[PDB]
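If you read the sequences in order, they're chains Z and V. Each residue of the first sequence is one higher than the one before, starting from 1 at the first, in the working numbering. Each residue of the second sequence is one higher than the one before, starting from 123 at the first, in the working numbering.
There are 2 protein chains.
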Amino acid sequence: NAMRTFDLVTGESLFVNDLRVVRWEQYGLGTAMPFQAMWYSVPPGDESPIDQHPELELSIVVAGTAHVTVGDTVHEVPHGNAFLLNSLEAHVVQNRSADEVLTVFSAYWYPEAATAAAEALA
Amino acid sequence: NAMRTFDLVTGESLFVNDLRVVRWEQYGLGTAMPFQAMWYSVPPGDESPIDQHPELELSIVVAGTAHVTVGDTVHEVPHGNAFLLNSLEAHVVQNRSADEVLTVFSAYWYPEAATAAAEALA
Ligand code: NI
Ligand code: NI
């Protein structure tokens with residue numbers, strides 16, 4: 001129970017259009033983590049269907065470059081950089097590269113979970 | 123409010139020996155996330171000082187390859203994969219590459235914080 005390794009390539013995946021999504025529910029972590037998580041990969045020139053949800057979402061780009069449209073704003077997020085989406089903000093994630101796959105790790109959580117956590121730190 | 127980005131290269135840094143650590147305390151996120159976070163980078167042929175803490179720690183390998191020693195056992199975690207350290211497991215992170223920098227994004231939380239979170243969604 002000391003450490004677990006999680007592999008983007010060997011995990012079970014589903015496809016949203018052509019985006020490969022690896023959801024962490026498959027790993028049966030239960031409540032050990034105060035959030036849910038996934039990897040997703042976007043083919044070159046592709047983009048995610050518009051997404052909107054009460055959970056905040058923190059994303060780290062582990063390969064390629066993301067162009068994230070939130071409202072009337074495009075944010076460019078290169079490999080290594082991160083972005084945080086506030087609750088219920090609609091968003092589209094775009095891979096404008098012609099040859100490089102965009103892969104992202106996302107953690108996401110309901111606002112109540114985060115405030116319940118921090119009050120325990122009090 | 124809607125959307126924030128975070129930059130690995132320009133974030134404020136401190137050094138633990140020769141490891142560059144970018145702590146997310148500097149972004150003033152307060153209570154929005156149910157965990158703390160950081161990037162750290164390990165130079166080639168270097169390793170972290172032995173670390174042990176009550177927080178669980180989820181680490182994504184953003185660049186390079188990690189060799190994680192937990193207790194007596196070495197685990198290799200290539201680019202893009204994740205590892206999860208259980209509470210109070212002593213760990214050392216080595217970069218055995220001759221030339222490629224290892225960069226890791228880590229999120230960490232106390233067990234009580236994850237208990238208090240999920241009991242709020244009950
Ligand atoms: Ni989303
Ligand atoms: Ni640690």
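The beta-carbon is built from N, C-alpha and C at its ideal position, and this holds for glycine as well.
Pick from the options that is closest to residue i, judged by C-alpha positions
i              : options                        : result
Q36 (chain Z)  : Z:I50, Z:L19 and Z:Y108        : Z:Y108
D99 (chain Z)  : Z:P78, Z:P44, Z:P54 and Z:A117 : Z:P44
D194 (chain V) : V:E211, V:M125 and V:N217      : V:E211
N17 (chain Z)  : Z:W24, Z:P49 and Z:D7          : Z:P49
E234 (chain V) : V:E177, V:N123 and V:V196      : V:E177
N123 (chain V) : Z:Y40, Z:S87 and Z:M38         : Z:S87
Local Cβ density within 10 Å of residue i, reported as buried at 16 or more and exposed below that
i              : result
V164 (chain V) : buried
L19 (chain Z)  : buried
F105 (chain Z) : buried
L14 (chain Z)  : exposed
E25 (chain Z)  : exposed
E57 (chain Z)  : buried
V144 (chain V) : buried
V74 (chain Z)  : exposed
Separation of residue j from residue i, as counted between CA atoms
i              : j              : result
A188 (chain V) : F205 (chain V) : 10 angstroms
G64 (chain Z)  : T225 (chain V) : 15 angstroms
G11 (chain Z)  : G80 (chain Z)  : 22 angstroms
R218 (chain V) : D168 (chain V) : 7 angstroms
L207 (chain V) : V199 (chain V) : 13 angstroms
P156 (chain V) : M33 (chain Z)  : 9 angstroms
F6 (chain Z)   : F128 (chain V) : 24 angstroms
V190 (chain V) : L29 (chain Z)  : 20 angstroms
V101 (chain Z) : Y162 (chain V) : 24 angstroms
Distance cut-off 7 angstroms: residue i Cβ against heavy atoms of ligand 4
i             : result
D51 (chain Z) : No copy of ligand 4 occurs in the structure displayed; its ligands are ligand 1 and ligand 2 alone.
Inter-residue CB distance, residue i and residue j (contact presumed, cutoff 8 angstroms)
i             : j              : result
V70 (chain Z) : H91 (chain Z)  : 5 angstroms
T31 (chain Z) : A240 (chain V) : 4 angstroms
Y27 (chain Z) : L243 (chain V) : About 19 angstroms separates the two Cβ atoms, so there is no contact after all.
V62 (chain Z) : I182 (chain V) : 6 angstroms
Which parts of the segment 168-193 of chain V are runs of the beta strand (DSSP E), unbroken and 3 residues or longer, counting only runs that do not cross its ends? DSSP runs (the beta strand (DSSP E)) wholly in the segment 168-193 of chain V: 178-185 and 188-192.
Kindly provide the ranges of any beta strand (DSSP E) runs that are 3 or more residues long and lie completely inside the segment 194-240 of chain V, ordered along the chain. If we require 3 residues or more, the beta strand (DSSP E) runs fully inside the segment 194-240 of chain V come out as 195-199, 204-207, 213-216 and 224-231.
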